[PDB]
Each structure stands twice: as C-alpha cells, then as structure tokens.
$ cat run-v6.txt   # compact mmCIF, C-alpha atoms and all ligand atoms
# COMPACT_ATOMS: atom_id res chain seq x y z
CA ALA A 5 70.30 -122.44 90.72
CA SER A 6 67.68 -123.09 93.39
CA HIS A 7 65.59 -120.29 94.84
CA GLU A 8 67.47 -120.33 98.15
CA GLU A 9 70.79 -119.95 96.31
CA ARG A 10 69.42 -117.09 94.20
CA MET A 11 67.94 -115.36 97.23
CA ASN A 12 71.18 -115.58 99.19
CA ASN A 13 73.16 -114.45 96.18
CA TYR A 14 70.95 -111.35 96.15
CA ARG A 15 71.38 -110.83 99.87
CA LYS A 16 75.16 -111.06 99.49
CA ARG A 17 75.18 -108.65 96.54
CA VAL A 18 73.19 -105.85 98.15
CA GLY A 19 74.92 -106.42 101.49
CA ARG A 20 78.31 -106.02 99.82
CA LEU A 21 77.15 -102.83 98.07
CA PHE A 22 76.03 -101.48 101.44
CA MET A 23 79.40 -102.27 103.01
CA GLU A 24 81.29 -100.69 100.14
CA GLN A 25 79.16 -97.51 100.20
CA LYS A 26 79.67 -97.09 103.94
CA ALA A 27 83.40 -97.78 103.74
CA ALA A 28 83.69 -95.03 101.12
CA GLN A 29 82.46 -92.38 103.54
CA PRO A 30 85.31 -89.90 104.16
CA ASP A 31 85.22 -90.39 107.95
CA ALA A 32 84.90 -94.18 107.72
CA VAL A 33 87.79 -96.45 108.66
CA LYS A 34 88.06 -99.97 107.22
CA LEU A 35 89.93 -102.59 109.28
CA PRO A 36 91.56 -105.72 107.81
CA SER A 37 88.83 -107.95 109.26
CA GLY A 38 86.26 -106.10 107.19
CA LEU A 39 84.82 -104.15 110.12
CA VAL A 40 84.12 -100.52 109.19
CA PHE A 41 83.51 -97.71 111.70
CA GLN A 42 82.85 -93.98 111.81
CA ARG A 43 83.62 -91.98 114.92
CA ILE A 44 80.54 -90.15 116.20
CA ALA A 45 82.35 -88.83 119.28
CA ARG A 46 85.81 -89.24 120.75
CA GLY A 47 85.80 -90.14 124.42
CA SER A 48 88.17 -88.96 127.13
CA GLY A 49 88.90 -92.46 128.43
CA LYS A 50 92.48 -93.72 128.42
CA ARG A 51 92.02 -97.50 128.30
CA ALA A 52 90.12 -99.95 126.09
CA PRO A 53 88.44 -103.03 127.58
CA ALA A 54 90.10 -106.40 127.66
CA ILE A 55 88.36 -109.33 126.01
CA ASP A 56 86.64 -110.14 129.32
CA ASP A 57 86.03 -106.64 130.72
CA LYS A 58 82.39 -105.69 131.37
CA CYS A 59 81.36 -102.79 129.12
CA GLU A 60 78.34 -100.61 129.81
CA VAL A 61 77.00 -99.40 126.47
CA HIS A 62 74.07 -97.73 124.73
CA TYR A 63 73.37 -99.08 121.27
CA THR A 64 70.95 -99.17 118.37
CA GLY A 65 71.22 -101.94 115.79
CA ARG A 66 69.78 -101.49 112.27
CA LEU A 67 69.63 -103.48 109.07
CA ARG A 68 70.80 -102.10 105.73
CA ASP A 69 67.31 -100.69 105.12
CA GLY A 70 67.27 -98.87 108.45
CA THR A 71 65.03 -101.25 110.34
CA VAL A 72 65.82 -101.32 114.07
CA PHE A 73 66.17 -104.84 115.38
CA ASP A 74 67.34 -103.94 118.91
CA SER A 75 68.05 -100.82 120.92
CA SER A 76 69.03 -100.24 124.55
CA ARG A 77 68.11 -96.59 124.01
CA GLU A 78 64.51 -97.63 123.38
CA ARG A 79 64.62 -99.54 126.68
CA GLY A 80 65.73 -96.39 128.51
CA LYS A 81 68.79 -97.95 130.17
CA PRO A 82 72.24 -99.18 129.10
CA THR A 83 73.26 -102.80 128.67
CA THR A 84 76.47 -104.47 129.88
CA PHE A 85 78.41 -106.95 127.77
CA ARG A 86 81.84 -108.49 127.72
CA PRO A 87 83.61 -108.47 124.32
CA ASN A 88 83.80 -112.28 124.47
CA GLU A 89 80.01 -112.55 124.71
CA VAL A 90 79.10 -110.61 121.55
CA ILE A 91 79.38 -110.99 117.77
CA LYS A 92 82.86 -110.73 116.27
CA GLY A 93 82.42 -107.21 114.93
CA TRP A 94 81.57 -106.02 118.42
CA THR A 95 84.36 -108.04 120.08
CA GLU A 96 86.86 -106.25 117.81
CA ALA A 97 85.35 -102.76 118.03
CA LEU A 98 84.97 -102.75 121.79
CA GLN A 99 88.63 -103.55 122.24
CA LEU A 100 89.42 -100.48 120.13
CA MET A 101 87.12 -98.09 122.02
CA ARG A 102 87.67 -96.05 125.19
CA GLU A 103 85.16 -94.63 127.65
CA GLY A 104 83.15 -91.87 126.00
CA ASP A 105 83.81 -93.14 122.49
CA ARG A 106 80.68 -93.32 120.33
CA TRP A 107 81.04 -95.22 117.04
CA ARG A 108 78.91 -96.15 114.09
CA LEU A 109 79.80 -99.76 113.26
CA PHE A 110 79.22 -101.39 109.86
CA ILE A 111 79.64 -105.12 110.37
CA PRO A 112 79.77 -107.58 107.47
CA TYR A 113 77.75 -110.73 107.77
CA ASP A 114 80.76 -112.92 108.49
CA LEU A 115 81.52 -110.85 111.60
CA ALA A 116 77.83 -110.75 112.64
CA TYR A 117 75.18 -113.52 112.44
CA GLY A 118 76.57 -115.06 109.25
CA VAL A 119 74.75 -117.51 107.02
CA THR A 120 72.01 -118.41 109.49
CA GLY A 121 71.02 -114.94 110.62
CA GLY A 122 69.63 -114.34 114.09
CA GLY A 123 66.67 -113.28 116.19
CA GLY A 124 64.16 -113.89 113.45
CA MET A 125 64.72 -110.31 112.26
CA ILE A 126 68.27 -110.59 110.84
CA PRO A 127 68.19 -112.73 107.65
CA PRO A 128 71.12 -114.73 106.30
CA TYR A 129 74.05 -112.78 104.94
CA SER A 130 73.08 -109.47 106.58
CA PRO A 131 75.55 -106.66 107.25
CA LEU A 132 74.62 -104.73 110.40
CA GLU A 133 74.80 -101.10 111.42
CA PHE A 134 75.21 -100.16 115.05
CA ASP A 135 75.48 -96.80 116.82
CA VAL A 136 77.35 -97.76 119.98
CA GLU A 137 78.47 -95.59 122.92
CA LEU A 138 80.97 -97.05 125.42
CA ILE A 139 79.78 -95.48 128.68
CA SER A 140 82.01 -97.20 131.21
CA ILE A 141 84.31 -100.17 131.65
CA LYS A 142 84.05 -102.01 134.96
CA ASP A 143 87.05 -101.07 137.09
CA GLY A 144 88.59 -98.95 134.32
CA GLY A 145 89.47 -101.48 131.62
CA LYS A 146 92.47 -103.81 131.29
CA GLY A 147 92.98 -103.69 127.53
CA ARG A 148 94.92 -101.50 125.14
CA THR A 149 95.95 -97.97 126.03
CA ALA A 150 94.50 -94.97 124.21
CA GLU A 151 97.89 -94.52 122.53
CA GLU A 152 98.04 -98.17 121.45
CA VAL A 153 94.54 -97.92 119.99
CA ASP A 154 95.26 -94.70 118.11
CA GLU A 155 98.35 -96.20 116.49
CA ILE A 156 96.38 -99.23 115.29
CA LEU A 157 93.69 -96.94 113.90
CA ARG A 158 96.24 -94.55 112.35
CA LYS A 159 98.11 -97.41 110.71
CA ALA A 160 94.85 -99.04 109.61
CA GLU A 161 93.89 -95.88 107.71
CA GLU A 162 97.32 -95.79 106.08
CA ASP A 163 97.04 -99.31 104.61
CA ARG A 164 93.44 -98.98 103.43
CA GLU A 165 94.31 -99.80 99.81
CA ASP A 166 96.47 -102.74 100.94
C1 LIG A 201 72.61 -111.01 125.06
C2 LIG A 201 73.76 -110.65 124.12
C3 LIG A 201 75.06 -110.72 124.86
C4 LIG A 201 73.82 -111.59 122.93
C5 LIG A 201 74.78 -111.23 121.79
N1 LIG A 201 74.31 -110.06 121.08
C6 LIG A 201 75.17 -109.49 120.27
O1 LIG A 201 76.29 -109.96 120.08
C7 LIG A 201 74.63 -108.33 119.51
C8 LIG A 201 75.70 -107.23 119.50
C9 LIG A 201 75.77 -106.50 120.86
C10 LIG A 201 74.41 -105.93 121.21
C11 LIG A 201 73.37 -107.04 121.18
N2 LIG A 201 73.40 -107.69 119.87
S1 LIG A 201 72.21 -107.69 118.82
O2 LIG A 201 71.39 -106.55 119.13
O3 LIG A 201 72.74 -107.84 117.50
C12 LIG A 201 71.26 -109.17 119.14
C13 LIG A 201 70.02 -109.32 118.30
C14 LIG A 201 70.05 -110.09 117.16
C15 LIG A 201 68.95 -110.20 116.34
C16 LIG A 201 67.81 -109.55 116.70
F1 LIG A 201 66.72 -109.69 115.90
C17 LIG A 201 67.71 -108.81 117.83
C18 LIG A 201 68.84 -108.67 118.62
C19 LIG A 201 74.95 -112.46 120.90
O4 LIG A 201 74.16 -112.71 119.98
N3 LIG A 201 75.99 -113.27 121.17
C20 LIG A 201 76.07 -114.60 120.60
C21 LIG A 201 76.93 -114.67 119.37
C22 LIG A 201 78.29 -114.48 119.43
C23 LIG A 201 79.04 -114.55 118.28
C24 LIG A 201 78.42 -114.82 117.09
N4 LIG A 201 77.10 -115.02 116.98
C25 LIG A 201 76.38 -114.94 118.12
NA NA A 202 71.06 -98.70 108.15
NA NA A 203 88.94 -95.24 119.91
NA NA A 204 74.35 -110.72 110.37
NA NA A 205 73.18 -112.67 108.74
$ encode --input "run-v6.txt" --output "structure tokens" --more "lines below"
Ligand SMILES: CC(C)C[C@H](NC(=O)[C@@H]1CCCCN1S(=O)(=O)Cc1ccc(F)cc1)C(=O)NCc1cccnc1
Ligand code: NA
Ligand code: NA
Ligand code: NA
Ligand code: NA
Amino acid sequence: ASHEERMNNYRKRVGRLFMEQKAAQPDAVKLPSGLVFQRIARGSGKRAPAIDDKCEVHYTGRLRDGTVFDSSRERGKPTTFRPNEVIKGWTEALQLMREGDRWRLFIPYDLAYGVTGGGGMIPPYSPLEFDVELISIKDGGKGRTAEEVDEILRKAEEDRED
C-alpha cells in the first residue's frame, strides 16, 4: 500500500471512531444518511426552510481535534445561506431546523468535503463538527412544519438500530 493509501486509511479510521463516539452520546440523534446531531436549544419557530429558503445562521466549524476552520461568531455577524448552496450535511440539517433551533452537527466526510477536502484546512476524509444556530428564515420559511420535523426526528430515534 502506498503512503497516500495508508494515510487516508488512517484518516478514515479515526474519523469513523469520532463519528461513532459522538453518535453514542445520549442526546445525539443519528439519521439514515449518517448525519448526527445534538440539540443545544429548541427554537420557538414553527416552520423549517425549504431547499431554497435563505437562512440566517451563526456557526462555528471544527475538525475532530477541535481546530476551528471557520466561524461567523468570530466575525461578529451572522451569515446567510440557502440549503442548496451548502454541503450535504448542512442541506439536510437546515431543512430539519426551525427558527431558534441551535444544533451541534457531526457530519461524516461523505456529507461534507469528501475525498478531496476543502479550504486547505479540511483534509481528505474529514468528519466535521458544527455548532449552528438558525436565527431567521427569510419570509418565514416554506419547508416542513414543526410537527412534520418532530415526527421525522421521533421516528429516526426509534429506528436507530435499524
Ligand atoms: C460560501 C458558502 C456558501 C460555501 C459552502 N460552505 C459550506 O457548505 C460550509 C457549511 C456552511 C457554513 C460554511 N461552510 S464551511 O465553513 O465548512 C466552509 C469552509 C471549508 C473549509 C475551510 F477551511 C473553511 C471554511 C460550500 O462549501 N459549498 C460548496 C459545496 C457544496 C456541497 C459540497 N461541497 C461543497
Ligand atoms: Na471537535
Ligand atoms: Na428541529
Ligand atoms: Na469533510
Ligand atoms: Na474531507
């Protein structure tokens, strides 16, 4: 095995251990895609964004070792994204969040920057950790209802072992 293969095998191994350890947290929820989240706060909003709604958020992104690769909080002002403009783990999570929700997201590499990595700071095969707060959705949000979301999340917890 070449060095690159051995290095990426290592990256995949420790990344998978990280994902497993975070999914085993009692308040963590694992979704079928592989996305894991913990609720930091439950918002009072009643609608999740649609795939093309503009979401105002505060976030901090960290690698498995805690290194911060990007943070709107450090910039002192929120950032606005649509779900269809962001990595797959965020696209999925945002459509399951309502205004005021604050989540810790644990994103496996295949729902993040994948085999190439990104930004110079995220190497190949990196899981990512985000603390994300959904502050507002432009014009209220045209996605799932709070009740639709909660059923998905309830049912997701039920079928964890499946
Ligand atoms: C301007 C922004 C809309 C772009 C967007 N950003 C993100 O989706 C993530 C999550 C949301 C917060 C922002 N970040 S981030 O903080 O992780 C970026 C980052 C990475 C590495 C680093 F070193 C520093 C920062 C992006 O990349 N989309 C392209 C794409 C889509 C699907 C698959 N792959 C790539
Ligand atoms: Na971390
Ligand atoms: Na939610
Ligand atoms: Na990644
Ligand atoms: Na990566």
$ residues_around --input "run-v6.txt" --residues "region 145-159 of chain A" --least-positions-apart "2" --cutoff "8 Å" --atoms "all atoms listed in the file" --output "PyMOL selection string"
chain A and resi 33+49-55+57+99-102+141-143+161-163
$ residues_near_ligand --input "run-v6.txt" --ligand "ligand NA 202 (chain A)" --cutoff "12 Å" --atoms "all atoms listed in the file" --output "VMD selection string"
chain A and resid 19 22 to 23 25 to 26 64 to 73 108 to 111 130 to 135
$ residues_near_ligand --input "run-v6.txt" --ligand "ligand NA 205 (chain A)" --cutoff "8 Å" --atoms "all atoms listed in the file" --output "number ranges by chain"
A: 113-114, 116-122, 126-131
$ closest_residue --input "run-v6.txt" --among "A:61, A:18, A:5, A:27" --to "residue 165 (chain A)" --atoms "all atoms listed in the file"
A:27
$ atom_distance --input "run-v6.txt" --atom1 "atom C15 of ligand LIG 201 (chain A)" --atom2 "CA of residue 106 (chain A)"
20.9 Å
$ decode --input "run-v6.txt" --residues "region 21-39 of chain A" --atoms "N, CA and C atoms" --output "compact mmCIF listing (two decimals), in the first residue's frame"
# COMPACT_ATOMS: atom_id res chain seq x y z
N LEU A 21 -14.17 6.56 14.11
CA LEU A 21 -14.20 6.46 15.56
C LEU A 21 -14.82 7.71 16.15
N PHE A 22 -14.44 8.87 15.63
CA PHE A 22 -15.04 10.13 16.07
C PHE A 22 -16.56 10.10 15.85
N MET A 23 -16.99 9.74 14.64
CA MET A 23 -18.43 9.71 14.38
C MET A 23 -19.15 8.75 15.30
N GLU A 24 -18.57 7.57 15.54
CA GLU A 24 -19.23 6.61 16.40
C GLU A 24 -19.32 7.15 17.83
N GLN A 25 -18.23 7.75 18.35
CA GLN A 25 -18.24 8.26 19.72
C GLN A 25 -19.29 9.36 19.88
N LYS A 26 -19.43 10.22 18.87
CA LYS A 26 -20.41 11.30 19.00
C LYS A 26 -21.83 10.77 18.84
N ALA A 27 -22.03 9.72 18.02
CA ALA A 27 -23.36 9.19 17.86
C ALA A 27 -23.81 8.46 19.10
N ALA A 28 -22.87 8.07 19.96
CA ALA A 28 -23.19 7.30 21.16
C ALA A 28 -23.54 8.20 22.31
N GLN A 29 -23.45 9.51 22.12
CA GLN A 29 -23.87 10.43 23.18
C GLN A 29 -25.36 10.26 23.43
N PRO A 30 -25.82 10.31 24.69
CA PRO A 30 -27.24 10.03 24.94
C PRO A 30 -28.19 10.99 24.23
N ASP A 31 -27.81 12.26 24.09
CA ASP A 31 -28.68 13.23 23.44
C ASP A 31 -28.43 13.33 21.93
N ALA A 32 -27.61 12.46 21.36
CA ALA A 32 -27.32 12.52 19.94
C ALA A 32 -28.35 11.71 19.19
N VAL A 33 -28.71 12.20 18.01
CA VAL A 33 -29.63 11.52 17.10
C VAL A 33 -28.91 11.22 15.80
N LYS A 34 -28.95 9.96 15.37
CA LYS A 34 -28.32 9.53 14.12
C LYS A 34 -29.41 9.39 13.07
N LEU A 35 -29.23 10.02 11.94
CA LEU A 35 -30.14 9.93 10.80
C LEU A 35 -29.64 8.92 9.76
N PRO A 36 -30.53 8.39 8.92
CA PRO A 36 -30.10 7.33 7.99
C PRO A 36 -28.98 7.76 7.07
N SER A 37 -28.88 9.05 6.73
CA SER A 37 -27.79 9.50 5.87
C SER A 37 -26.44 9.33 6.52
N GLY A 38 -26.40 9.30 7.84
CA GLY A 38 -25.16 9.29 8.58
C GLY A 38 -24.97 10.57 9.36
N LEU A 39 -25.75 11.60 9.05
CA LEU A 39 -25.69 12.84 9.83
C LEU A 39 -26.11 12.56 11.26
